[PDB]
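> Sequence, then the experimental structure. Questions to follow.
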Amino acid sequence: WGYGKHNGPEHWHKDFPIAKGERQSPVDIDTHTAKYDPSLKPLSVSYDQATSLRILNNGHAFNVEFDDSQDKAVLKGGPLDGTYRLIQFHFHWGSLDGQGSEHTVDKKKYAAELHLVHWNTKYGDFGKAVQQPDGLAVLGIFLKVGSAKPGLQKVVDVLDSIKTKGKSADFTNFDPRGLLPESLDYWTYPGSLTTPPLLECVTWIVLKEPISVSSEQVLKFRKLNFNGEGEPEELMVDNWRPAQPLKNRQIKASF
Ligand SMILES: NS(=O)(=O)/N=C(\Oc1ccccc1)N1CCOCC1
Ligand SMILES: [Zn+2]
């Protein structure tokens with residue numbers, strides 16, 4: 001699977017029939033249908049002891065991986081019951097600034113979207129968590145093009161070294177706190193992974209406030225390759241799934 005005409009989102013349902021499921025992601029967030037929910041508790045992003053390990057081009061995106069052997073970087077609160085450990089983050093982005101995000105807001109597409117993936121520690125390990133309807137929590141953050149995001153620059157700086165599928169590099173001592181906007185105001189809804197196997201295990205928490213990144217930063221994302229070394233170059237761009245049917249779901253606002 002991939003993002004091209006012959007292996008892209010329109011084809012995924014043949015190997016992963018859940019692609020046409022009842023709680024697929026992403027979705028369009030219609031701000032006039034989302035309802036404030038005063039029962040939501042404050043979101044707690046606890047990343048002070050985060051332990052990043054490595055950055056990997058997996059042919060679909062680049063992934064910054066963390067040590068999730070212990071409660072070191074966790075998400076709690078909000079719509080969540082319990083504790084969810086950060087395992088990795090990645091981005092989706094476009095070929096041009098007017099597309100790239102997976103979620104949309106009143107049909108607006110942002111230039112890119114950051115996903116911080118967390119699993120529910122009550123299930124012991126990630127593999128067990130993704131067999132549960134509350135196994136994962138993904139914090140989604142939109143990127144727009146404006147001023148540079150200083151906290152993103154160390155990421156941008158290493159991409160030269162993982163240009164092709166299968167390449168990795170040490171990426172210790174990275175602080176993901178530097179990727180957040182000021183506000184933790186969010187929308188939440190039950191959904192899925194947005195990549196095969198498209199498992200319907202995720203509590204989505206999508207921040208309302210985008211972060212700004214510079215044109216130079218996003219241009220460096222677009223120099224990555226989907227292909228492996230020595231293979232013909234296919235630029236890693238437009239690695240986003242479009243909005244899926246909302247079906248019988250409710251999107252709730254924390255604000
Ligand atoms: N939006 S997402 O489904 O989280 N994307 C991904 O799914 C996962 C699956 C497991 C752990 C973290 C993320 N990625 C990024 C692209 O390469 C495939 C893996
Ligand atoms: Zn993602």
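Sure thing, it's come through. Residues are numbered from 1 along each chain as shown. Ligands and ions are numbered 1, 2, ... in the order given.

> Around ligand 1, which positions in the protein sit nearby?
Counting by CB under 6 Å from any ligand atom, the residues of the chain close to ligand 1 are 58, 60, 61, 88, 90, 115, 117, 138, 193, 194, 195. Any C-beta I mention is one placed from the backbone N, CA and C, and that applies to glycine too.

> what's near enough to touch the second one?
The contact partners of residue 60, taken as CB atoms under 8 Å, 6 or more residues apart in numbering, are 2, 3, 195, 226, 239.

> May I have the secondary structure class of it?
Put simply, residue 60 is coil when judged by DSSP: H, G, I helix; E, B strand; the rest coil.

> ok, back up a step: just flag the most distant two among the contacts of residue 60.
The most widely separated members of the contacts of residue 60 are 195 and 226, with 13.3 Å between them, by CB to CB.

> Quick one: residues contacting residue 217.
By CB under 8 Å, 6+ apart, the residues touching residue 217 are 148, 149, 152, 153, 156.

> can you rerun that using 6 Å?
Neighbouring residues of residue 217 by CB atoms under 6 Å, 6 or more residues apart in numbering: 152, 156.

> Return the backbone torsion pair for it.
Note on residue 217: its backbone torsions stand at phi -60, psi -50 [degrees, to the nearest 10].

> ditto for residue 187
Here is the backbone geometry of residue 187 (degrees, to the nearest 10): phi -110, psi 150.

> how far away is it from residue 250?
Using CB to CB, to the nearest Å, we find residue 187 at a distance of 11 Å from residue 250.

> Okay, and the residue of the chain positioned farthest from its centre sits in which element?
What lies farthest from the middle of the chain is residue 230; by CA atoms, centre = their mean that is 28.7 Å. Counting by DSSP states H and E, no helix or strand carries residue 230.
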